[PDB]
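Next up, model_15.pdb (PDB, C-alpha atoms (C1' of nucleotides) and all ligand atoms):
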```pdb
ATOM      1  CA  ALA A   1     136.402  75.453 102.669
ATOM      2  CA  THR A   2     136.429  79.173 103.365
ATOM      3  CA  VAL A   3     139.289  81.475 104.285
ATOM      4  CA  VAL A   4     138.007  84.927 105.163
ATOM      5  CA  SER A   5     137.593  86.678 108.493
ATOM      6  CA  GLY A   6     138.637  89.698 110.522
ATOM      7  CA  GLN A   7     139.999  89.559 114.051
ATOM      8  CA  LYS A   8     142.484  92.149 115.254
ATOM      9  CA  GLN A   9     142.660  94.853 117.895
ATOM     10  CA  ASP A  10     145.087  97.707 117.353
ATOM     11  CA  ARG A  11     144.759 101.477 117.331
ATOM     12  CA  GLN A  12     147.043 104.483 117.609
ATOM     13  CA  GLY A  13     146.601 108.138 118.482
ATOM     14  CA  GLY A  14     145.175 109.567 121.683
ATOM     15  CA  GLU A  15     141.460 110.218 122.010
ATOM     16  CA  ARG A  16     139.036 110.543 124.898
ATOM     17  CA  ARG A  17     135.868 109.505 123.108
ATOM     18  CA  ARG A  18     135.259 111.672 120.064
ATOM     19  CA  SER A  19     138.052 111.343 117.530
ATOM     20  CA  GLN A  20     140.170 114.457 117.153
ATOM     21  CA  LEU A  21     137.071 116.583 117.597
ATOM     22  CA  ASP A  22     138.965 119.728 118.520
ATOM     23  CA  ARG A  23     137.236 122.389 120.583
ATOM     24  CA  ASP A  24     137.351 124.413 117.386
ATOM     25  CA  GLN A  25     136.640 121.605 114.949
ATOM     26  CA  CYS A  26     133.263 121.220 113.285
ATOM     27  CA  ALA A  27     131.743 117.900 114.281
ATOM     28  CA  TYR A  28     129.649 117.822 111.129
ATOM     29  CA  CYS A  29     131.771 118.339 108.037
ATOM     30  CA  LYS A  30     135.034 118.049 109.934
ATOM     31  CA  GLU A  31     136.019 121.614 109.131
ATOM     32  CA  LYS A  32     138.131 123.503 111.640
ATOM     33  CA  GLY A  33     137.156 127.108 112.256
ATOM     34  CA  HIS A  34     133.398 126.863 112.634
ATOM     35  CA  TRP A  35     131.202 124.879 114.994
ATOM     36  CA  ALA A  36     128.713 122.247 113.897
ATOM     37  CA  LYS A  37     125.978 124.579 115.083
ATOM     38  CA  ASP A  38     127.433 126.927 112.494
ATOM     39  CA  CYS A  39     128.208 124.310 109.871
ATOM     40  CA  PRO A  40     127.594 125.628 106.349
ATOM     41  CA  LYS A  41     126.439 122.120 105.517
ATOM     42  CA  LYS A  42     123.643 122.230 108.067
ATOM     43  CA  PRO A  43     120.030 121.667 106.998
ATOM     44  CA  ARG A  44     117.437 124.411 106.735
ATOM     45  CA  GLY A  45     113.663 124.393 106.447
ATOM     46  CA  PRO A  46     111.020 123.908 105.819
ATOM     47  CA  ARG A  47     111.061 127.571 104.869
ATOM     48  CA  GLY A  48     108.086 129.040 106.689
ATOM     49  CA  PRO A  49     108.597 130.883 109.985
ATOM     50  CA  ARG A  50     105.046 130.658 111.276
ATOM     51  CA  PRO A  51     104.695 129.237 114.794
ATOM     52  CA  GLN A  52     101.381 130.844 115.667
ATOM     53  CA  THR A  53      99.912 133.971 114.121
ATOM     54  CA  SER A  54      98.044 135.406 117.084
ATOM     55  CA  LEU A  55      95.772 138.430 116.961
ATOM     56  CA  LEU A  56      96.290 141.173 119.516
TER      57      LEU A  56
ATOM     58  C1'   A B   1     122.985 109.964 108.641
ATOM     59  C1'   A B   2     126.181 115.372 109.179
ATOM     60  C1'   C B   3     126.132 118.100 115.312
ATOM     61  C1'   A B   4     131.297 113.875 118.761
ATOM     62  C1'   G B   5     130.962 119.896 122.064
ATOM     63  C1'   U B   6     125.412 124.761 126.085
TER      64        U B   6
HETATM   65 ZN    ZN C   1     131.057 122.223 109.431
END
```
Once more with this new file: its structure as C-alpha cells, please.
Ligand SMILES: [Zn+2]
Amino acid sequence: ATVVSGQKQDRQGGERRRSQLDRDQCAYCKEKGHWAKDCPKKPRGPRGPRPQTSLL
RNA sequence: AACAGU
C-alpha cells in the first residue's frame, strides 16, 4: 500500500503571466529599482573585446 | 538556470 500524491488547484493574487514582475522590478534577482538588463548579478565575459582587428 | 519586460 502507498499513500502519497498531490492533486490540488488553487492560487491567489492577480497576475497576467509573469508573477509580480513590476515594470520597475528586476526579472533576474527580483530586485526593484533596476532592470534585468542592468542586474548587478548579470554575467560578464569572457573579458576580451576583440571582434575583428582590421587594418586601415 | 538569473533577463518574465526593446
Ligand atoms: Zn537584478
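We find CA of residue 39 (chain A) and CA of residue 13 (chain A) to be spaced 26.0 Å apart.
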- Report as a ChimeraX atom specification the set of chain B residues whose atoms approach chain A to within 7 Å, with distances computed over all atoms listed in the file. /B:2-5
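The interatomic distance for the pair CA of residue 34 (chain A) and CA of residue 47 (chain A) works out to 23.7 Å.
Picture a line from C1' of residue 6 (chain B) to CA of residue 15 (chain A); it runs 22.0 Å.
Distances from A:56, A:33, A:45, A:6 to ligand ZN 1 (chain C) were compared using all atoms listed in the file, and the smallest one belongs to A:33.
With all atoms listed in the file as the atoms that count, the minimum distance from ligand ZN 1 (chain C) to the choices A:11, A:3, A:16, A:31 is reached by A:31.
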Kindly compute an axis-aligned box around the listed atoms of chain B, allowing 4 Å on each side, and express its centre and edge lengths in Å to one decimal as lines of an AutoDock Vina configuration file.
```
center_x = 127.1
center_y = 117.4
center_z = 117.4
size_x = 16.3
size_y = 22.8
size_z = 25.4
```
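Taking only C-alpha atoms and all ligand atoms into account, ligand ZN 1 (chain C) lies nearest to A:32 out of the set A:51, A:7, A:12, A:32.
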